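One structure below.
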Amino acid sequence: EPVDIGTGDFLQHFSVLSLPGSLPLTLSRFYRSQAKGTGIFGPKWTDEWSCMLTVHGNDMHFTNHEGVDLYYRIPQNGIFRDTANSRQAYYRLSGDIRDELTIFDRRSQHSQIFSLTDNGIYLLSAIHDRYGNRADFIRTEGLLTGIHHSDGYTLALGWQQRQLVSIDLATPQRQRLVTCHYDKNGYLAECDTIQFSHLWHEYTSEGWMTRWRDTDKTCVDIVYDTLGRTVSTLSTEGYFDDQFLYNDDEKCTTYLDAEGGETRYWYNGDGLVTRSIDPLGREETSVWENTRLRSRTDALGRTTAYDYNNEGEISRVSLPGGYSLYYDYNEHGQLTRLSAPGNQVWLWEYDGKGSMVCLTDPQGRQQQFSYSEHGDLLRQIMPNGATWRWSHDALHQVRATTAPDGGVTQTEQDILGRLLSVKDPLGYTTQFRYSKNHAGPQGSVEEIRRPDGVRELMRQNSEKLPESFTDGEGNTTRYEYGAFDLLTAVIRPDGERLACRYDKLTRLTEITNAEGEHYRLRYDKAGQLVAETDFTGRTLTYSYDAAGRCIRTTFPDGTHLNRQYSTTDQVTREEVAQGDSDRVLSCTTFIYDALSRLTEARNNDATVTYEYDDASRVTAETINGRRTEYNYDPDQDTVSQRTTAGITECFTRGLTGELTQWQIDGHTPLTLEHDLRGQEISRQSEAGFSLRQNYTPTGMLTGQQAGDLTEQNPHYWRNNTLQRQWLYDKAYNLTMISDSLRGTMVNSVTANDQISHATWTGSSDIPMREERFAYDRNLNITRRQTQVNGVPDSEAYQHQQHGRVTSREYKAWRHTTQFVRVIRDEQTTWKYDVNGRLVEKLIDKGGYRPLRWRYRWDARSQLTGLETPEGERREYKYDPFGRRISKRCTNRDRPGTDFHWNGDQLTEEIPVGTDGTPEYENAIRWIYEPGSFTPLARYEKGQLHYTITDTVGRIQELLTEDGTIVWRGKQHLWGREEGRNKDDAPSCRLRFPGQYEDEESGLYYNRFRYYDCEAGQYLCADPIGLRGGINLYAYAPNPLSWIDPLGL
């Protein structure tokens, strides 16, 4: 909003200064081209330090920080008392005109004092709160020259020929905050601020701003008509080449944006818009009542209404769909009650100074807050008794926090509020140093000193935007910007560029990856994304309704995905149609209750229902008849008990909400301990299972010990102990693993933090097994070579096209005695359909019959069918949320598997006989904490196994309750599992978080996509597009650093 539609005013509002304290001191500057007001920054600019009351006849005129005028009738006795004006009722004027006048703001509980000067004028002399925190304004020769804050600092304002040139922090420290210059006519020409922007301005003789610019890329030219109305803008880089048309007879203003769109506004006598029509013809109307908004109706006809109480606050909001929100206040305008549908009520209680001392939630639970005399929050008591405490520095910023467990976190900040140091409950200190660029452009550097010795650098440019980041190993990422602070380039530590380009309204239209290929986006006249074409040339098209809700997505093959919405913008129905026939191939329904809570989702393959309690907490999720029930801790809203098929689990949590005990089906419980930083140091079962874990100064998981709790009986726990250690480089890449069961692993990483060499060694210094990796410009795998005992074992080179693997050569060697000869030689080719889905993988094994895989998909790019080299057919089905619920062999003698879920967690794999009968009594239950993707236990036929997981949450060991190691994982870098376990050992198909191995394909099912752990890629494009990254097929650049549990 650069232009006031109701007047044609050019408008600008910029932050100037923001000083922390008990009473925060904030300053800004507001510009209006046709304004007549003056502030501390000269004519045409207004500010919060220049408000004044002036006598006009029998009225007092209040001039606020925008130049708006509110009138107050002077009482017969000349004494104001809680006097208000309905146009802005939150302002309350009190006081005798012969003494001093006070404006109380009901919105903030702050007060402004105005003192008599000259010609019936009351200038701003103080600001204070209800605790007495006060800022005094000192004026000499009529000019504001000093400010004294009760926290203990002072400001000095420097004037030259009655023009403000400087604002300085004077005591207890001397610091320049703002510097100003003016043109030949006295208008503010330049304003450099220490915390915010540094801008220049140019004006006509009347003060009409014809140009403004920043320090580098932004420069805008504004043109006015003879009446002072803004008619055009244009930035030097082309952005916002806009025009403005005015029809004062019709009271209509037209906005012609730089991309050909036309927006018409109809305004009232107060300049408020009563009706607008957007570039697509969509209309929105508003009803005003003396500058007070009473209703608003969108293009769909949905109306939101606002009622008000006798004091000017909103008392009722009527929402589309019959929902109303009620607001009640105390005599000072502080919200004391909020009433929402579903009989949800919040209560706030205030003491004599306006401090919020007690909050009552809809369930009647109370939170008590205790304050100091000057308003500092000192203590908070939660419903369960958990107590937080805070102390504060001289500027009333928090300097120490005591957690419910007594752990203390100390923070230190400077006068500008920048963080200087942090000492955690275990005494580890991180330091932050800042330094300004005194030479050249106005850059700055921030250095981070971590308690492990790591030093990191964070540089800013003259626009105070991130310019570069250098990690603890010296790798530097750089950033470049255009006008309006648009990110135009990212330069990776390896030197490669990622570029972005925008249209004349600053909407992103093109991304260029390091390879040089382009991802393009197209918009309609209203800014809605109507098309996008990825690097593979695949185009999707979108359609929206009158409220901007996407109602159709069109795929290259012709299919449409239609969506219908309820009045509350919730998807009620989804449909799949094909081509020119609007024939429905499938439909998915979503049903909601009277509180708009999803109660049933249904497609052709699954029905999912949800039950709720009065607090809208999910108490039951059912999937095709399989019901999981929940109970909740009454104080923490955490799951305290869950049951599926008669098997009940119990969750016990501490004051902070940490898991302290877990128990299932009457088995011996699992108890867990945490340290003062909240990190788990041990978990334990009296049956015998025991696991200790320790962390680095920055919280890295770095040590694990299992078995022999007290080192009392090493002979008894022989072959049932584990010592594991993880070491990291100064960029926090996992570079070394010590594992008492497997050996030692050493990793080398690239500047992109990608592993280029991984070596496992056991008892011989020569590495037993090595993996060597190379990557292309998009950080996708190219080369993989393996070595066994220092002998070349196999070599593969895969080739990407448009970011997805297309072909690969592979060869393997047999070792003769010292010689090597090729014993396997094969080329693989990948083939994708026009929608970006892998449809064929063909392996030409030289000297053999070819091996071919074929994949069938649905319109949502879900893998519905798989054909093997032998001709067998597997089939998969998914619920309305994309959760695979079943797996069937459609043409052989292979038992199927049903899948049960809790939210995003695969909780049960249920064997299905060839006659289709599920074997619920043989189900394998995986135990997760709710919301977590890391399993803690496994339950099958009354047998409980505990897990030990690595640094990414992957299972490495399964142990019985008494601590016997039964399963041992062994993986190649990118996830291929190949540990050899006993035949009777429990199966463990879980891999990386969210991944499940299908033994019929070797693929890892990963929620929304299937993962190829050999190519390191997914079998189709990311269904969320750019929102998952610019690598649409890649898994993660480093599989020991990042995870992707949803496959997105």
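Every chain in the structure tokens takes a letter, A first, then B, and so on in the order presented; its residues are numbered from 1, and the ligands are numbered from 1 following the presented order.
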Residues of segment 25-261 of chain A classed as strand (DSSP E) by DSSP on the backbone are to be reported as a PyMOL selection string. chain A and resi 25-32+38-39+42-43+45-46+52-56+59-63+69-73+79-83+91-96+100-105+110-116+121-128+134-140+143-149+154-160+163-171+175-182+188-193+198-203+209-213+219-224+230-235+242-247+252-256
Quick one: everything within 10 Å of residue 652 of chain A, counting only C-alpha atoms, minus sequence neighbours fewer than 5 positions away in the same chain. Send it as a PyMOL selection string. chain A and resi 633+638-641+657-663+671
For residue 506 of chain A: contacts at 9 Å, only C-alpha atoms, fewer than 5 positions along chain excluded, given as a ChimeraX atom specification: /A:239-240,484,486,501
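Residue neighbourhood of residue 684 of chain A, excluding near-sequence residues (fewer than 4 positions): residues 670, 671, 672, 688, 689, 690 and 691 of chain A, at 8 Å, using only C-alpha atoms.
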Next, the residues of the selection above should be written as a compact mmCIF listing (two decimals), in the first residue's frame with N, CA and C atoms.
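Done, and the output landed in again-v4.txt:
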# COMPACT_ATOMS: atom_id res chain seq x y z
N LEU A 670 9.23 -49.48 31.46
CA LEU A 670 10.48 -48.84 31.06
C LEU A 670 10.54 -47.47 31.71
N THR A 671 11.58 -47.23 32.51
CA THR A 671 11.78 -45.95 33.16
C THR A 671 12.93 -45.19 32.50
N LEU A 672 12.80 -43.87 32.44
CA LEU A 672 13.74 -43.02 31.71
C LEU A 672 14.11 -41.81 32.56
N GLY A 688 16.17 -56.11 32.67
CA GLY A 688 17.58 -56.18 32.31
C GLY A 688 18.02 -55.16 31.28
N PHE A 689 17.10 -54.71 30.44
CA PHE A 689 17.44 -53.75 29.40
C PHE A 689 17.88 -52.43 30.01
N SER A 690 19.00 -51.90 29.53
CA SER A 690 19.57 -50.66 30.06
C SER A 690 20.34 -49.96 28.95
N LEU A 691 20.14 -48.65 28.83
CA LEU A 691 20.80 -47.86 27.79
C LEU A 691 21.11 -46.48 28.35
Mind giving me the straight-line distance from atom CA of residue 709 of chain A to atom CA of residue 721 of chain A in Å, one decimal? 9.6 Å
Quick one: distance from atom CA of residue 301 of chain A to atom CA of residue 568 of chain A in Å, one decimal? 12.7 Å
Which residues are near residue 745 of chain A? Cut-off 7 Å, only C-alpha atoms, ignore same chain within fewer than 5 positions. Put them as a PyMOL selection string. chain A and resi 736-738+758-761
Spatial neighbours of residue 621 of chain A, 9 Å, only C-alpha atoms, chain gap at least 5 places, as a ChimeraX atom specification: /A:608-611,626-630,901-903
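The two atoms in question, atom CA of residue 387 of chain A and atom CA of residue 411 of chain A, are spaced 19.1 Å apart.
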